[PDB]
RNA sequence: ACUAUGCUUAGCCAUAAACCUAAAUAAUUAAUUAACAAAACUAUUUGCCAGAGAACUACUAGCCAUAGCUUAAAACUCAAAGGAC
RNA sequence: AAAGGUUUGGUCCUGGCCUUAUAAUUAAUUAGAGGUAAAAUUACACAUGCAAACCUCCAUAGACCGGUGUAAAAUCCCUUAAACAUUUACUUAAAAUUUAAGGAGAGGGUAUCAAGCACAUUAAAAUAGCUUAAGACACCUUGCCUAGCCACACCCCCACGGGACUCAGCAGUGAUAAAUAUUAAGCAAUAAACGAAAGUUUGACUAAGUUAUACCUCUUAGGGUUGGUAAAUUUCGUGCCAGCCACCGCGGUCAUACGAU
Ligand code: FES
Ligand SMILES: [K+]
Ligand SMILES: [K+]
Ligand SMILES: [K+]
Ligand SMILES: [K+]
Ligand SMILES: [K+]
Ligand SMILES: [K+]
Ligand SMILES: [K+]
Ligand SMILES: [K+]
Ligand SMILES: [Mg+2]
Ligand SMILES: [Mg+2]
Ligand SMILES: [Mg+2]
Ligand SMILES: [Mg+2]
Ligand SMILES: [Mg+2]
Ligand SMILES: [Mg+2]
Ligand SMILES: [Mg+2]
Ligand SMILES: [Mg+2]
Ligand SMILES: [Mg+2]
Ligand SMILES: [Mg+2]
Ligand SMILES: [Mg+2]
Ligand SMILES: [Mg+2]
Ligand SMILES: [Mg+2]
Ligand SMILES: [Mg+2]
Ligand SMILES: [Mg+2]
Ligand SMILES: [Mg+2]
Ligand SMILES: [Mg+2]
Ligand SMILES: [Mg+2]
Ligand SMILES: [Mg+2]
């Protein structure tokens, strides 16, 4: 926050990685970590289906043209 | 060249995040009077701002300009200026680099580098 | 400084400990069933998510973890 | 005992003593001050005593204060045109700071009085209505006018009950 | 009137900038003298320590 | 508490006013079910005249009958009011003398 | 008289009147005796408290804990409970 | 709050409860007359009558007024744009009234509701983000902003459709509730609708009827209380019984505390 140039050199030379403090604390327990894993997986599946649909829709339009 | 509808035509805040593409999450704070205590406290608001050049870093004070048309649901401002860069502040009064309450370059000197 | 307030708590805890000892076997069966209902509620809440999202089957290679059973 | 130091700052009379009413151009006032030092004592007193008074009279102006970021304290105003007015408040008393900003970016007494009169243009003393908006609810209250029948009974000949009886009698 | 007041403000900032350089100049002279004396003590102590 | 703590919490939370035997109503009408005697908790000694009633709400409560002598019987209708009988624990209702089947005390 | 156990090595458990029954920090000792204890008192920040019992309880959630710990009510009863002398 | 009563053998501290003030609804007992204001159990089911017309045909109005508090944390305040199912002007502008997208700040309860689970950005379509202990999300409760505003209009949030098929317009009824206004008169005044107009219409409204719920002026007198807090008891009866108290308490034979006087 004061001397960024010295900060960059110090971290590079000393080999220290600096991670910024996260804005919000995340609670962790078996029920949360298991629901959060499904929620991420469900989203990914929904988005994968949309991408496939777009490719098929575009492919059909290209053939018509 | 009509201006925005939003009340915050000009807002100052701190860049609390920069993980979205070309967008910087900025936390502005205003003073609100507690009616019971008659004392002012800090009410903070989050503003998404269009950072076209991705020139923003977490912790730097910035000035946002209200966009004439909202770019998206939440992006209704753009990055006008970076008032203070994080760790790279330049004293407005003298114009010399500073690192806290100290001069990295003396104001007596004229480096012109 | 008397210990009278400590003696009231002393008797409550003594009597409560003897009540738990009498009905220890009953309490065990209540818990195993409360955990089973706790697991079903967890599974149903996970099924609600993917069904609302529009999926007709749970994500591929997903099996709801059994988190309340005697896994440890 | 009211808590805190200088509890008078938390009274409506003190907050109303502020005299700096910014022009419509002023939108933001950033305050850069140092918590330790000798040349920034007036700036620290300005944040302690004056910033509450300024905010009270300028509720729509964003006052954001930054601490120990620069060697010297200063004030920077952001205007709606895009202009930035930098003020240097080092070695300046808190009272001097208030007077400086009042001159450069403060509305004049003439302007403020004109706005006050315009606000009350639609209140008329003659208007009748509820107490919240008017002096008198009814003309019965006025002296010389016929009084309210509730307070003073009307003459029999001025009553519909009596007139109806005569019309039947006729 | 706005332009005149914004010109007066810039004049006040320059006037105070001049005082700041005058004050800091005096400090450099005094602090330089102290620095030379402090370096002398280090030279004396450093030689003795060696 | 500090001024910051008073601000973050605000005014004291106020527990809701739970209702009593009349359920926030001036009176209720009930049908007598049984007439019995209740004994006042010591140090008092008496045979206090009470009755069970089914209130219009549908619940059943115990009501003290004031006065020297009542003619109440089962299936009668009465108008109950609030007010606890201090010696009788749990008796939070009273019968109104002079309404419906219950009548004014016979003066001696 | 003799076990579990107190010991070692691995892991769990997470509770004490874990109490100086004194949160931390920086001031002041006079323009200051509720009592007793440990003289009084200001400022700053966070935590906590809001009659007693029901209650180190019921339910909820987390936990290697399964006769467990932490979190923690209400109905109802009472006109007191409690501290010091 | 100008406070008071009540922990003890006693004092002090702490602390709850209650008392004294004010107002509304209902009930007991009791009351003459007049003027005024307000009328109120119930989004329960509704018998009958009425509540919208006007007018040379076209149109306009029946979108208002009046009613209820259904739903909803629902909102307040403010900004922008746009029309208007309009009015009054011009061939181009002043209003009234709305709608849409928003946000300086403010805005009920429960944190034993602590995570929500797509809630983000970019614009080669990639990046993996968004909200949240400064309270998200979930649930519960509630009309609020009061010259008035908002939502609802038999029910299914909606109303193509379907259904258990309409007084939450005036008066009135059934049921239910501690809760009890006339199945009334007139469009003369004001307001609205229509008409170029004389005019017509209106359970809006006006003038009445009803009711100690309130106020006002008069006339009669009733109601409660009488141990302390807290203004005020004579005699007898009763004898821990019968009874009484907001709190403390009273009653076992001289009861200022019960009942009658
Ligand atoms: S209020 Fe004026 S006549 Fe009654
Ligand atoms: K007694
Ligand atoms: K100890
Ligand atoms: K007290
Ligand atoms: K509806
Ligand atoms: K008329
Ligand atoms: K006697
Ligand atoms: K008596
Ligand atoms: K008497
Ligand atoms: Mg016990
Ligand atoms: Mg052994
Ligand atoms: Mg502990
Ligand atoms: Mg120890
Ligand atoms: Mg324990
Ligand atoms: Mg437990
Ligand atoms: Mg438990
Ligand atoms: Mg009545
Ligand atoms: Mg209306
Ligand atoms: Mg409702
Ligand atoms: Mg619970
Ligand atoms: Mg409907
Ligand atoms: Mg109906
Ligand atoms: Mg209808
Ligand atoms: Mg009706
Ligand atoms: Mg009534
Ligand atoms: Mg006309
Ligand atoms: Mg009596
Ligand atoms: Mg008495």
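Every number here is computed from the coordinates shown, using simple stated rules; none is lab data. Neighbour counts run over all protein chains shown; Cβ positions are idealised from the backbone, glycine included.
For this structure, a couple of remarks:
- Residue match in region F:29-39 (condition: within 14 Å of RNA strand G (Cβ to nearest atom), out of contact with any helix residue (DSSP H, G or I) (no Cβ under 9 Å at 6 or more places or on another chain) and away from chain B (no Cβ under 14 Å)): yes
- Failed item, numbered, when residue F:57 is tested on (1) within 16 Å of RNA strand G (Cβ to nearest atom); (2) in contact (Cβ under 8 Å) with a residue 40 or more places away in the chain: (2)
- Test for residue D:123: is it out of contact with any strand residue (DSSP E or B) (no Cβ under 9 Å at 6 or more places or on another chain) and more than 14 Å from chain E (Cβ to nearest Cβ): yes
- Lone qualifier among C:67, C:49 - being touching a helix residue (DSSP H, G or I) at 6+ places or on another chain (Cβ under 7 Å), surrounded by 10 or more Cβ atoms within 10 Å (Cβ to Cβ) and free of Cβ contacts under 8 Å to residues at least 24 places away in the same chain: C:49
For (1) under 17 Å from the mean Cα position of the chain (by Cα); (2) in a loop (DSSP other than H, G, I, E, B); (3) under 26 Å from residue B:16 (Cα atoms), each residue gets a yes or a no:
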| site | (1), (2), (3) |
| --- | --- |
| A:19 | yes, yes, yes |
| A:24 | yes, yes, yes |
| A:47 | yes, no, no |
| A:59 | no, no, no |
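- If you go through region D:16-33 and keep only what is crowded, with 20+ Cβ neighbours inside 10 Å and either over 19 Å from residue B:13 (Cα atoms) or more than 12 Å from chain B (Cβ to nearest Cβ) (or both), you end up with D:20, D:22.
- Considering (1) touching a helix residue (DSSP H, G or I) at 6+ places or on another chain (Cβ under 9 Å); (2) surrounded by 13 or more Cβ atoms within 10 Å (Cβ to Cβ), the lone condition that residue B:36 does not fulfil carries the number (2).
- The lone criterion from (1) surrounded by 15 or more Cβ atoms within 10 Å (Cβ to Cβ); (2) more than 23 Å from the chain's Cα centre (by Cα); (3) under 25 Å from residue B:65 (Cα atoms) left unmet by residue D:79 is number (2).
- Residue within region A:9-32 that is within 14 Å of RNA strand H (Cβ to nearest atom), more than 19 Å from residue B:59 (Cβ to Cβ) and either within 14 Å of chain B (Cβ to nearest Cβ) or surrounded by 13 or more Cβ atoms within 10 Å (Cβ to Cβ) (or both) present: yes
- Selected residue [facing another protein chain (nearest Cβ under 10 Å) and within 30 Å of residue D:72 (Cβ to Cβ)] from B:25, B:9, B:43: B:9
- Filter pass, residue D:53 being surrounded by fewer than 18 Cβ atoms within 10 Å (Cβ to Cβ), under 17 Å from the mean Cα position of the chain (by Cα) and more than 9 Å from chain B (Cβ to nearest Cβ): no
- Some residue of region D:155-163 being under 30 Å from residue E:6 (Cβ atoms), in a helix (DSSP H, G or I) and either within 14 Å of another protein chain (Cβ to nearest Cβ) or near RNA strand H (Cβ under 9 Å from one of its atoms) (or both): no
- Taking the listed residues F:80, F:91, F:62, the one that is in contact (Cβ under 8 Å) with a residue 40 or more places away in the chain and not in a loop (DSSP other than H, G, I, E, B) is F:80, with no other qualifying.
- Flag for residue C:34 being away from RNA strand H (no atom under 14 Å from the Cβ), surrounded by 10 or more Cβ atoms within 10 Å (Cβ to Cβ) and either without any contact (Cβ under 8 Å) to a residue 24 or more places away in the chain or over 30 Å from residue A:30 (Cβ atoms) (or both): no
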